[PDB]
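Report on the following structure.
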Amino acid sequence: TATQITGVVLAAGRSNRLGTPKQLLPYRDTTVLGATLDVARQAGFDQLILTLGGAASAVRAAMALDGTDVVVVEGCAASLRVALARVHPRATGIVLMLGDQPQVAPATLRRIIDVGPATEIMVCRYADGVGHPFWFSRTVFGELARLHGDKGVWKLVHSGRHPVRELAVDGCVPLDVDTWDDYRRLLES
């Protein structure tokens, strides 16, 4: 295809209240991050970029990351910034996913890949609010690269400065994993 769509999985966030990397927690016969990547690999992306942080070497030693462009750093301004540097020139935008959200359906990724490109920004509307995955056109890469402060991406996708479109998705906004209680909730799904 003359144009491409790139998937970006952000997984650089730390695991301060766990005592072990959240990316490598067991989930469904694989890891939390592994399951997320497995889902992304079914979506039909032309390129898949993964960002990692302190846990990079441990993740690299535990997980096979062939087919994925891995970017290491020391809403996630720096991580997203350095992911953008790897985006293929023929990509017309990115689909943004979080590494600790393995419950996103491959169908949802296929849907946003399908209708997203006709929008500047697209978010998913679940029963209980707005969530990932997000789509961002190349026309906002510059703004993404200049994100700062707390909740920069979230602020952007709720900003009236761009025509943010919505994809209807069943179920609830994907669960994050920062605590063990979060992890139990995940396991019970």
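Letters for chains follow the order of the structure tokens (A, B, ...), residue numbers begin at 1 for each chain, and ligand numbers begin at 1 in the order shown.
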Report as a Markdown table: every residue of segment 2-30 of chain A with an atom at most 6 Å from segment 78-101 of chain A, its closest pair of atoms, and their distance in Å to one decimal, counting only C-alpha atoms, with rows sorted by chain and ascending residue number.
```
| residue | atom | partner | partner_atom | distance |
| --- | --- | --- | --- | --- |
| A:3 | CA | A:90 | CA | 5.3 |
| A:4 | CA | A:91 | CA | 4.2 |
| A:5 | CA | A:91 | CA | 5.1 |
| A:6 | CA | A:94 | CA | 4.8 |
| A:7 | CA | A:95 | CA | 4.8 |
| A:8 | CA | A:96 | CA | 5.0 |
| A:9 | CA | A:97 | CA | 4.7 |
| A:10 | CA | A:98 | CA | 4.9 |
| A:11 | CA | A:99 | CA | 4.6 |
```
Write a file of the selected residues as an mmCIF file, in the first residue's frame, keeping N, CA and C atoms.
```cif
data_model
loop_
_atom_site.group_PDB
_atom_site.id
_atom_site.type_symbol
_atom_site.label_atom_id
_atom_site.label_comp_id
_atom_site.auth_asym_id
_atom_site.auth_seq_id
_atom_site.Cartn_x
_atom_site.Cartn_y
_atom_site.Cartn_z
ATOM 1 N N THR A 3 0.229 4.144 1.341
ATOM 2 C CA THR A 3 0.220 4.746 2.668
ATOM 3 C C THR A 3 0.232 3.638 3.707
ATOM 4 N N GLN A 4 0.678 3.977 4.915
ATOM 5 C CA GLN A 4 0.827 3.012 5.986
ATOM 6 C C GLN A 4 0.185 3.517 7.264
ATOM 7 N N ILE A 5 -0.097 2.593 8.180
ATOM 8 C CA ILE A 5 -0.565 2.950 9.509
ATOM 9 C C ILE A 5 0.370 2.296 10.511
ATOM 10 N N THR A 6 0.834 3.094 11.469
ATOM 11 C CA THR A 6 1.767 2.611 12.462
ATOM 12 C C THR A 6 1.077 2.500 13.801
ATOM 13 N N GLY A 7 1.355 1.403 14.496
ATOM 14 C CA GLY A 7 0.875 1.210 15.849
ATOM 15 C C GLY A 7 2.001 1.541 16.799
ATOM 16 N N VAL A 8 1.651 2.235 17.868
ATOM 17 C CA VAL A 8 2.612 2.602 18.914
ATOM 18 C C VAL A 8 2.081 2.091 20.253
ATOM 19 N N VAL A 9 2.839 1.194 20.875
ATOM 20 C CA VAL A 9 2.505 0.690 22.210
ATOM 21 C C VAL A 9 3.427 1.364 23.221
ATOM 22 N N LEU A 10 2.856 2.136 24.133
ATOM 23 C CA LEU A 10 3.636 2.804 25.122
ATOM 24 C C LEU A 10 3.717 1.899 26.338
ATOM 25 N N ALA A 11 4.936 1.548 26.713
ATOM 26 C CA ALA A 11 5.142 0.677 27.847
ATOM 27 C C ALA A 11 6.330 1.105 28.721
#
```
Give me every helix (DSSP H, G or I) residue in segment 12-176 of chain A, going by DSSP on the backbone, as a PyMOL selection string.
-> chain A and resi 22-24+32-42+56-62+77-84+106-118+138-145+152-157
Using only C-alpha atoms, determine which residues lie at most 9 Å from residue 40 of chain A, disregarding the query and same-chain residues fewer than 3 positions distant; provide the list as number ranges by chain.
-> A: 7, 9, 35-37, 43-45, 48, 97, 106, 109
Surrounding residues of residue 170 of chain A excluding itself and chain neighbours under 6 positions, 9 Å, only C-alpha atoms, as a PyMOL selection string = chain A and resi 125-127
Apply DSSP to the structure's backbone, then extract all residues of segment 2-182 of chain A labelled strand (DSSP E or B) and return them as a VMD selection string.
-> chain A and resid 4 to 11 26 to 27 30 to 31 47 to 52 69 to 72 91 to 98 121 to 126 129 to 137 164 to 168
Can I get the selection written as an mmCIF file, in the first residue's frame, with C-alpha atoms?
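Result file is out_10.cif:
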```cif
data_model
loop_
_atom_site.group_PDB
_atom_site.id
_atom_site.type_symbol
_atom_site.label_atom_id
_atom_site.label_comp_id
_atom_site.auth_asym_id
_atom_site.auth_seq_id
_atom_site.Cartn_x
_atom_site.Cartn_y
_atom_site.Cartn_z
ATOM 1 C CA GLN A 4 0.827 3.012 5.986
ATOM 2 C CA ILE A 5 -0.565 2.950 9.509
ATOM 3 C CA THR A 6 1.767 2.611 12.462
ATOM 4 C CA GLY A 7 0.875 1.210 15.849
ATOM 5 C CA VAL A 8 2.612 2.602 18.914
ATOM 6 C CA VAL A 9 2.505 0.690 22.210
ATOM 7 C CA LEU A 10 3.636 2.804 25.122
ATOM 8 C CA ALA A 11 5.142 0.677 27.847
ATOM 9 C CA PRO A 26 1.643 -13.211 34.044
ATOM 10 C CA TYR A 27 -1.535 -12.958 31.989
ATOM 11 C CA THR A 30 1.895 -14.927 28.544
ATOM 12 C CA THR A 31 2.763 -11.531 30.085
ATOM 13 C CA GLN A 47 4.745 -0.991 11.542
ATOM 14 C CA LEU A 48 4.697 -1.567 15.290
ATOM 15 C CA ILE A 49 6.710 0.589 17.682
ATOM 16 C CA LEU A 50 7.161 -0.278 21.361
ATOM 17 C CA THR A 51 8.505 2.129 23.998
ATOM 18 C CA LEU A 52 10.261 0.842 27.100
ATOM 19 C CA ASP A 69 10.778 -1.320 16.494
ATOM 20 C CA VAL A 70 11.882 -0.946 20.135
ATOM 21 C CA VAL A 71 12.663 2.498 21.542
ATOM 22 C CA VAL A 72 14.098 3.057 25.036
ATOM 23 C CA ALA A 91 2.643 6.408 7.681
ATOM 24 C CA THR A 92 -0.240 8.922 7.620
ATOM 25 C CA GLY A 93 -0.754 8.572 11.360
ATOM 26 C CA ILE A 94 -0.466 6.413 14.436
ATOM 27 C CA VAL A 95 -2.720 4.274 16.551
ATOM 28 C CA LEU A 96 -1.752 4.741 20.183
ATOM 29 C CA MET A 97 -2.078 1.821 22.655
ATOM 30 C CA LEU A 98 -0.951 1.351 26.271
ATOM 31 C CA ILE A 121 -7.909 12.615 16.075
ATOM 32 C CA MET A 122 -10.138 9.698 17.021
ATOM 33 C CA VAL A 123 -10.798 8.268 20.469
ATOM 34 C CA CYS A 124 -12.892 5.315 21.648
ATOM 35 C CA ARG A 125 -16.165 5.926 23.453
ATOM 36 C CA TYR A 126 -16.980 3.130 25.915
ATOM 37 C CA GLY A 129 -16.125 7.110 29.150
ATOM 38 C CA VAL A 130 -13.333 7.848 26.672
ATOM 39 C CA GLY A 131 -10.357 5.494 26.295
ATOM 40 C CA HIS A 132 -7.603 3.969 24.159
ATOM 41 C CA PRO A 133 -6.930 3.126 21.461
ATOM 42 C CA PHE A 134 -6.466 6.603 20.017
ATOM 43 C CA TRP A 135 -5.763 7.629 16.418
ATOM 44 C CA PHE A 136 -3.577 10.667 15.591
ATOM 45 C CA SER A 137 -3.078 11.999 12.085
ATOM 46 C CA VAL A 164 -11.906 14.847 17.727
ATOM 47 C CA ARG A 165 -14.047 11.992 16.386
ATOM 48 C CA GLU A 166 -15.384 9.016 18.356
ATOM 49 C CA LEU A 167 -15.471 5.296 17.710
ATOM 50 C CA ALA A 168 -18.218 3.478 19.641
#
```
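For the pair atom CA of residue 39 of chain A and atom CA of residue 103 of chain A, the interatomic distance is 8.6 Å.
Here atom CA of residue 14 of chain A and atom CA of residue 178 of chain A stand 8.5 Å from one another.
You can rank A:57, A:163, A:76, A:13 by their closest distance to residue 145 of chain A using only C-alpha atoms, and at the top of that list sits A:76.
Between residue 174 of chain A and the residues A:143, A:74, A:128, A:114, the shortest atom-to-atom distance, using only C-alpha atoms, involves A:128.
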Which residues, written as a PyMOL selection string, have at least one atom at most 10 Å from residue 148 of chain A, with only C-alpha atoms counted and residues fewer than 2 positions away on the same chain left out?
-> chain A and resi 75-78+144-146+150-153
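With only C-alpha atoms as the basis for measurement, A:33 is the residue among A:118, A:112, A:2, A:33 that approaches residue 62 of chain A most closely.
Closest approach to residue 176 of chain A among A:42, A:20, A:73, A:104: A:104, based on only C-alpha atoms.
As for atom CA of residue 140 of chain A and atom CA of residue 119 of chain A, they are spaced 11.1 Å apart.
Taking only C-alpha atoms, the non-local environment of residue 188 of chain A within 12 Å (same-chain residues fewer than 5 positions away omitted) comprises residues 27, 28, 103, 175, 181, 182 and 183 of chain A.
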Can I get the selection written as an mmCIF file, in the first residue's frame, with N, CA, C and O atoms?
```cif
data_model
loop_
_atom_site.group_PDB
_atom_site.id
_atom_site.type_symbol
_atom_site.label_atom_id
_atom_site.label_comp_id
_atom_site.auth_asym_id
_atom_site.auth_seq_id
_atom_site.Cartn_x
_atom_site.Cartn_y
_atom_site.Cartn_z
ATOM 1 N N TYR A 27 -0.166 -13.144 32.439
ATOM 2 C CA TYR A 27 -1.535 -12.958 31.989
ATOM 3 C C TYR A 27 -1.808 -13.973 30.900
ATOM 4 O O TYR A 27 -1.084 -14.029 29.911
ATOM 5 N N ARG A 28 -2.828 -14.801 31.112
ATOM 6 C CA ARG A 28 -3.314 -15.743 30.091
ATOM 7 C C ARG A 28 -2.172 -16.465 29.369
ATOM 8 O O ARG A 28 -2.040 -16.368 28.142
ATOM 9 N N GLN A 103 -6.612 -6.118 27.224
ATOM 10 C CA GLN A 103 -8.018 -6.452 26.985
ATOM 11 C C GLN A 103 -8.640 -5.762 25.767
ATOM 12 O O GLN A 103 -9.808 -6.010 25.454
ATOM 13 N N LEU A 175 -8.752 -1.456 31.674
ATOM 14 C CA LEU A 175 -8.095 -1.359 32.974
ATOM 15 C C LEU A 175 -6.589 -1.104 32.825
ATOM 16 O O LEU A 175 -5.913 -1.797 32.042
ATOM 17 N N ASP A 181 -4.067 -4.623 43.385
ATOM 18 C CA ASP A 181 -5.516 -4.653 43.305
ATOM 19 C C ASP A 181 -5.976 -4.464 41.864
ATOM 20 O O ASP A 181 -6.909 -5.135 41.422
ATOM 21 N N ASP A 182 -5.308 -3.569 41.126
ATOM 22 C CA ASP A 182 -5.536 -3.422 39.689
ATOM 23 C C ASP A 182 -5.275 -4.760 38.967
ATOM 24 O O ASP A 182 -6.041 -5.153 38.089
ATOM 25 N N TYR A 183 -4.185 -5.444 39.332
ATOM 26 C CA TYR A 183 -3.826 -6.705 38.681
ATOM 27 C C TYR A 183 -4.856 -7.812 38.944
ATOM 28 O O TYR A 183 -5.202 -8.558 38.018
#
```
Do you know which residues are at most 10 Å from residue 58 of chain A counting only C-alpha atoms, after dropping those on the same chain fewer than 5 positions away, and could you put them as a ChimeraX atom specification?
-> /A:21,23-24,63
